[PDB]
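The chain that follows stands alone, in the form deposited without the DNA, written as structure tokens.
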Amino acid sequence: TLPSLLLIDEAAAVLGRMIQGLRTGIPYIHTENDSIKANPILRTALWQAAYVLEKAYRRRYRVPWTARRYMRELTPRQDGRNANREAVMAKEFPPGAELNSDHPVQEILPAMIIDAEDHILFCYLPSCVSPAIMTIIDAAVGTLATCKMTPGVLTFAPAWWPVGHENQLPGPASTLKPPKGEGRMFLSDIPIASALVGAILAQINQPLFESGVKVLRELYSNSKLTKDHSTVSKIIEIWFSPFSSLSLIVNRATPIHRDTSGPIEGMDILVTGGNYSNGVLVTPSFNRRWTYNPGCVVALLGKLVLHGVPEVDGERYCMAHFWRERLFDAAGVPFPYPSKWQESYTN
């Protein structure tokens, strides 16, 4: 009875069917949900994502360690700045023969990196987002941000803890409390984009997608879980995403680092955009750089994978979709462990 969740559910389903079709050569079944079917921009964006993701599953680098063991050496707040600690990790967890060809060339083709037991650590999807959707995001960010976009970070979530309120109940993000403010407006401008990124997540880690949606369901229906539940409810009704949170990072370069808030096993999804030509995402553990230009998507275990992105020759923003495990705890949903790549093929 919550149509936004039902739309991202169908977007996930129909994109999976598109991928299964590309793999089998049999016509895929269209969605009868005409929020998708009658929306040419979202529909063709799902086609494009299907091509890129199918390209990525066919191009898999393996590191010779597991995510479990890597996670075990990690100190609770090992964000990547201790260079000595990082060189010790790097010896204990080297790139391996499939990756550490001497000095690495920059990747441009879609690909993924899986651990020793087939878990997806990193998924690189260049040009995964159609120009039309990138233009929707360009407009939304534009009107929100007014060098030509004022730098900064801005965070949105229907259920959240502000810094200093950790031990109270969670509630609407301050940026989203004004019902006609900048925040809500921004969310209202981007449901097609949100729906796309959530569908991509389903293709990479279906259980995590449906856990997230389950959590949003429970936060909607169960009032005793949050402050200001009326505002929580209104925001969930325009929350076209399975993620706990969305963060817009405008005109900022990013040092090589690890996230340390968020579950050690959560997969974030970054979408980069703007008008610049020399984007590069750096992953030292994988001995790799990845071309990182507007419309690129990267999914990654970001509390595990060191990643950074240098200054570029233009305006740039990044949309970062991520997780708060405490919301899972509060909603009675265990947080799932990272999916294996074969799960993509279990039809």
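Note that residue numbering follows the sequence shown and begins at 1. The term rigid core refers to the maximal set of C-alpha atoms that superpose within 1.5 Å between the two forms.
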item: Residues of the deposited sequence that sit between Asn278 and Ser277 yet are not modelled; value: none
item: Selected stretch [higher average CA B-factor]: 237 to 245 or 180 to 188; value: 180 to 188
item: Which of 67 to 75 and 136 to 144 has higher mean CA B factor, as the PDB entry lists it; value: 67 to 75
item: Given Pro131, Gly198, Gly262, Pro110, the residue at which the Cα B factor reaches its maximum; value: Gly262
item: Options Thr155, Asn205, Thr272, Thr231 - largest CA temperature factor per the record; value: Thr231
item: Chain thirds of CA B-factor: placement of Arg324; value: middle
item: Cα B factor band for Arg58 (lowest, middle or highest third within the chain); value: lowest
item: Ranked C-alpha temperature factor of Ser211 among modelled chain residues, by third; value: lowest
item: Ranked C-alpha temperature factor of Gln168 among modelled chain residues, by third; value: highest
item: CA B-factor placement of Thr254, once the chain's modelled residues are sorted into thirds; value: middle
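If you look for the form deposited with the DNA bound, you will not find it shown, but the lines that follow are about it.
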property: Site check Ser35, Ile136 and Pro191: each within 4.5 Å of the DNA in the deposited complex by heavy atom; result: yes
property: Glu10 within 4.5 Å of the DNA in the deposited complex, heavy atoms; result: yes
property: 4.5 Å heavy atom contact, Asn287 and the DNA in the deposited complex; result: no
property: Proximity of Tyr276 to the DNA in the deposited complex, heavy atoms at 4.5 Å; result: no
property: Contact label in the deposited complex: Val282 to the DNA, heavy atom within 4.5 Å; result: no
property: Which of 64 to 72, 22 to 30, 288 to 296, 35 to 43 sits within 4.5 Å of the DNA in the deposited complex, heavy atom basis; result: 35 to 43
property: Sole residue of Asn39, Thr66, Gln48, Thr31 shifting 2 angstroms or more in CA between this form and the one not shown, core aligned; result: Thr31
